[PDB]
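*Asks:* Pasting a structure here, questions to come.
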Amino acid sequence: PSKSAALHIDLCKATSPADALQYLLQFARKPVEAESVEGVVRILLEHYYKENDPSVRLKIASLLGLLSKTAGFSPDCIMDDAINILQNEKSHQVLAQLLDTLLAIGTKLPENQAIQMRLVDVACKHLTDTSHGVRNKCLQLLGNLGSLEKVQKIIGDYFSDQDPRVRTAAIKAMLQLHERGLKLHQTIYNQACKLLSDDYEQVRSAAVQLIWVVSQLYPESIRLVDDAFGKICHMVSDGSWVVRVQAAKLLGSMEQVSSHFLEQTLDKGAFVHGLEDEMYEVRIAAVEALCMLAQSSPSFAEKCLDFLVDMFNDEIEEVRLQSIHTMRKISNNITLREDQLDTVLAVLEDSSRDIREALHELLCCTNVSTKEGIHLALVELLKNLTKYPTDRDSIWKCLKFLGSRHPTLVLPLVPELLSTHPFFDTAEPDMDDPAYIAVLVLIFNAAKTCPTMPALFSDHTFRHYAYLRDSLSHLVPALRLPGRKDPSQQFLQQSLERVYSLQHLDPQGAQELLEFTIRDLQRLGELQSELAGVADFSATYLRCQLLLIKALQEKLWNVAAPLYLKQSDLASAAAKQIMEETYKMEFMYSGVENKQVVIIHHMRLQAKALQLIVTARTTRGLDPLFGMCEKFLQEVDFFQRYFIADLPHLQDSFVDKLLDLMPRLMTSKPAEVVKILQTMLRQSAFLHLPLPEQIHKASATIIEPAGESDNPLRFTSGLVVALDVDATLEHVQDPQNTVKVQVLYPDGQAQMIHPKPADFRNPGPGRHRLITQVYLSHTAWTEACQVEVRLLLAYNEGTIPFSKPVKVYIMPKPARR
Amino acid sequence: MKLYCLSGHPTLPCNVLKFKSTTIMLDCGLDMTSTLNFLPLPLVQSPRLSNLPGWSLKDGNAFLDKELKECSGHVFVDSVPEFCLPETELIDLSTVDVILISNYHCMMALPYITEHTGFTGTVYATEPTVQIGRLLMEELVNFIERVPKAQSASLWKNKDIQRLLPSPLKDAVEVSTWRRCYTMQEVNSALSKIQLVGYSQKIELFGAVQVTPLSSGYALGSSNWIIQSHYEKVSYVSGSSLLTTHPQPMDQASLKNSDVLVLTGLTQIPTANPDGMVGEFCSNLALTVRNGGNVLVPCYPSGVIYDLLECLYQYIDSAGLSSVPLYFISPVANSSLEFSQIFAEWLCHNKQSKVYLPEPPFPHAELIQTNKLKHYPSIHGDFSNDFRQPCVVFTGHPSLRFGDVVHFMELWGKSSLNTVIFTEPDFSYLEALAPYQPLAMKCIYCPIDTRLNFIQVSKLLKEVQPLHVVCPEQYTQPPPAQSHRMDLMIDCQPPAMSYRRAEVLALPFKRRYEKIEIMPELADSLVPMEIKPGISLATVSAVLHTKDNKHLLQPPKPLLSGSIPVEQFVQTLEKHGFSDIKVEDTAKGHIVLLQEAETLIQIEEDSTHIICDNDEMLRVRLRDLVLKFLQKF
């Protein structure tokens, strides 16, 4: 159809460089065929194959390869491409088109034997061009077409051909052969070790990889991995930097080496030159290499220790961060005799927030064997506290782990660190000073094992231990001091069963039971935390049922339609609340499956029925009521279509016997339809909801700004201020496309700020950290007012709130002149 | 020898060249005029932009009410602004080997082609070009990033919708190939594969070809390239200013003795007068600050604004207007002024002689010790508590669709007391004001262009005359505005050539004379055998060592020419010992008979034919006798 029309238009136009190129470009850029008829269009591609102007033929066969990439065709396209290669071998452009089509066909889908990867490979090998016409690309053709698990000789004699580009493609073919296994041989080591001095770039950066792969294959040459690793270390000293990156990384792919030659790298020389040359690429590659070869080698590690302490002044935050990582990975049975001063003064920086938290992670996993090191580390970290009162929780964690790691070294510090004057009474220190708390949490984390430490405190120190144990139980551990020596699941099931069974009541009794169970479910959700989500889910469902029943018994359906009290209506808005609640079920709650989805979709259908009947009672225009009846019937059609299943499992519901009277609902006056919908909602049965096993409710806590700050944010009229928001998200699926921020100005106008996926963190499996900047501007105010900030959850066409409001003071001023 | 043309805009070009075996793709320009078709991106939402009437087609079938929205009789599509990339599907761009970069204005399309194709090659550019290109890339990605907008608009790209759209939205080429902006990772990766070349660095590629830059003078770091073998030279000029400017002046020496002089990157408006035009700049800026009120200048972080600052600094000393302050608002501002200060050896020769003395080359340093120029990273901070009405403000991207320029284009765009001063070409003046009309903001189209116009284009072509000329039709066809006049065109008298967007052109010169090198033993083992005066000859026989696309000759058939005289043949046979040899004549030849070895030889015009018996020593004797009475070829 469309392909035939395009072929007919191309044949009718038949312009050489004008119609063919533009038509092929339009065919590629417009859409994909996505059908088997594209293979028939390949026959159309065979129709224009016999033509001049080979650029058009190259574009056509490129389109043929693109069509083969859609897996529409199979062996017929392969046979046609083989015929075209064997017949239309005309210069480099058509060679490129044919080999690209062959490469696309070989990896299209099958990748199998029986003239699918063997005959094509034989045709590619038998058609080697005389100068660069197919050579590099037929080598990658014979790469991706493995013959059998036994053909390496043709690659082997092509290590010494003319073009360095063909050398690189032979290398990449050798790569893809190794990635399929194929049991590589030993002479590749010889052809590779003669391939280092190619006197040109872009081959050595992969020749080092070939040395690595044929070295870790098996170490048997005369000793094999030592000579190969020495060659790699020689390639570390190359002038070009890309080959240095490749050499350091591909020695970082190694895992076995002789020990003595590994200490030979630093004295008599690779790592003594492998660091201080280039940007973060070479340095990070080399230090990841020393990470792995300090992990593999239990020895040597003092040498990598003092080759990491020198490189603190590299003026790159990435180098600092990954350097903190590269010594926190190797911090096992390693002490710091003299190299601890620089690593504790490296914290001294203006903000360095990621660097600072990495340094606190380093300090809690390090090992040290001296006392004055503890003294200097403590005084420097207290100076950090007095300079940045921001990260007291992080330092409490690292001091806790520092005390837990080694308790013994800090025993003489306690007579010196705190006021323990022998005869003068020690005054009670400030409890709310959040710096004495850190040294206490050190002391009592180091007091768990050593017995000679309770005798060294004072009475106020035991009362401080009492309050720290009762307040921060996750910081100080329980000691042996003489001073300080499911029903919910069954209840939820019983309550849910009592709701489900007790449905044959007077509507007053049903309302009373529903209200009591709502209050019970909120109280249970507030008390519990493991079963809070399921309690809130059941509470939302029963709230929907409660509002539906309460709207069903209304005085609106006791008088006639003209005698309508507009203001006294209570059933009009109830449809909107239950609609918003159905949105709340299907987008707030994390772990849901198709049964919850079908039940809340059915509740949405009941909601739309309530909205339809109240609008039918309000208005008198025949065309709007007829139209809304038609939209409601097609919504019911959509519901039975998308949910064609699960009707046998859900019994005697509103929608089941709705579809029982479905053709009469097609042929009736809309007034008859709306009265039978009233009668339909009156004995519409209450469904049972099987609760999911694991459910969690999504919510947000905006941790900064807190909103209790009395100081205003002050700026100039018509200009913008950026306030940083940090909030914690828990149990939110796909925050990038869903979570947004909303700013309510005190004048009424709102702003819906979309966040960046980069600014979303993932601090674990279940909690996320949103850190963005909010942009505000107005036209001057007479006093600093309260701007509202709230996180919203969006869904597909709607937004519903899920975060606690926060408020900020804003002061826009005019210019001074 | 094929030129593949991938960019349709005249001064943001992309041209692949298949030379010997190389696939040198010259320049990667990202067409930003497509961004003019959208709504702007304000950092804080305005009631005006939020509340605009959505345009509806008369059919009403499509849901394009939420797609595109109209304003003052001009409709724009409401999503993130799209970018007009070249064809990445005309040829397989992984076969592109080396990308050459002329200037930072044609580098903005690099991340797309270098991380969405498979291009494993290298890109070469001068280090001022890569530094200002990095800063402009960060500028663009930051302004497109700040407030995110989702591409929710898709139905306006189908054929029948877009032909049923009104103007200017019909005037859009390949909207399906438009792609959203690029991210941090391919900024970092796109600037890793780049390499640093110098001005006319003799740099070889793959052992086959030679590329080299030249000084251009269009901007700080701009380069004009040459791709050449030893016997042919195709040069690519993209942007030049032989008018008096700040960077190193144009080179006219490596351009000559060439065959192709591709005229990419000429002036946007030929009808201009830059010295008087910046005089007009100073004039209306002075008038607006004299009435009392700020001026708004859309500007790139680099380039012509530097030149502007110089004269503007000088004009303060002529105007007595030191009270009004100067503001430069850009997220790359301090680094932009830094890189303006430091890249000084690439300036003029007398500017180099200014660098001889310990003084700053660019005079904005003198603007900052005089507390005149104040640079800020953003409005978010120090600009709030330092802003002074009236002012001169230099703002973000001149396309008037993203940056801080949209904020000052709002707010202040309410009174006729103020003005906005458009100074930068390749962005349409009336099209930039199109979302902002209706509007009372005073506007002066005062574009400053440094690129050479058609008169010096003619001077350049008659100076270093090529064998072929390649240019777009916008240089051949009269311009759409001043189509009534013939004078400001390309004026050459070979048949010039014309390429449209995505076209294949064969360059009509064929390689025929290539290059070979010989080791001296063969050179000494050759003898001259001069036969016809002035023209020597020599027999050569060797083997050819193949390595690194530079072929050699190493030691391990020449034929006969010249008719033999029969009389001298029989005379030297009689004097060599052979006897009783008898000669008879025919119509055109001679039959000569030797009774020894039973030999009969017939000689005709350009024909000899010996017939002998079973002999060896007399046979080879006759061979060396007859081959020494002629000349070997």
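Note on naming: chains are A, B, ... as they come in the structure tokens, residues start from 1 per chain, ligands start from 1 in the order shown.
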Which residues of chain A have any atom within 7 Å of an atom in chain B when counting only C-alpha atoms, and what is the closest pair of atoms for each, with the distance in Å to one decimal? Order the rows by chain and rising number and write it as a tab-separated table.
*Replies:*
residue	atom	partner	partner_atom	distance
A:29	CA	B:176	CA	6.4
A:30	CA	B:176	CA	6.8
A:59	CA	B:90	CA	6.7
A:162	CA	B:547	CA	5.5
A:163	CA	B:548	CA	6.2
A:715	CA	B:384	CA	5.5
A:716	CA	B:384	CA	5.5
A:718	CA	B:411	CA	6.6
A:719	CA	B:384	CA	6.5
A:720	CA	B:380	CA	6.1
A:721	CA	B:380	CA	5.3
A:722	CA	B:380	CA	5.8
A:751	CA	B:45	CA	7.0
A:754	CA	B:148	CA	6.0
A:755	CA	B:148	CA	7.0
A:756	CA	B:148	CA	6.9
A:775	CA	B:44	CA	6.2
A:776	CA	B:44	CA	6.3
A:777	CA	B:44	CA	6.6
*Asks:* Taking 4 positions as the minimum chain separation for residues in the same chain, which residues sit within 9 Å of residue 476 in chain B when counting only C-alpha atoms? Answer as a list in words.
*Replies:*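 Counting only the stated atoms, we get residues 471, 472, 489, 490, 491, 496, 497 and 498 of chain B.
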*Asks:* Return the single residue from B:84, B:440, B:68, B:96 that is closest to residue 33 in chain B, with distances computed using only C-alpha atoms.
*Replies:*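 Going through B:84, B:440, B:68, B:96 one by one, the smallest distance to residue 33 in chain B is for B:84.
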*Asks:* Need the shell around residue 246 in chain A: protein/DNA/RNA residues with any atom at most 10 Å away, counting only C-alpha atoms. Skip same-chain ones fewer than 4 positions apart. Format as a list in words?
*Replies:* residues 204, 205, 206, 207, 208, 209, 232, 235, 236, 241, 242, 250, 251, 252, 281, 282 and 285 of chain A
*Asks:* Kindly give the distance, in Å, that separates CA of residue 57 in chain B and CA of residue 164 in chain B, rounded to a single decimal.
*Replies:*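 Separation of CA of residue 57 in chain B and CA of residue 164 in chain B: 8.0 Å.
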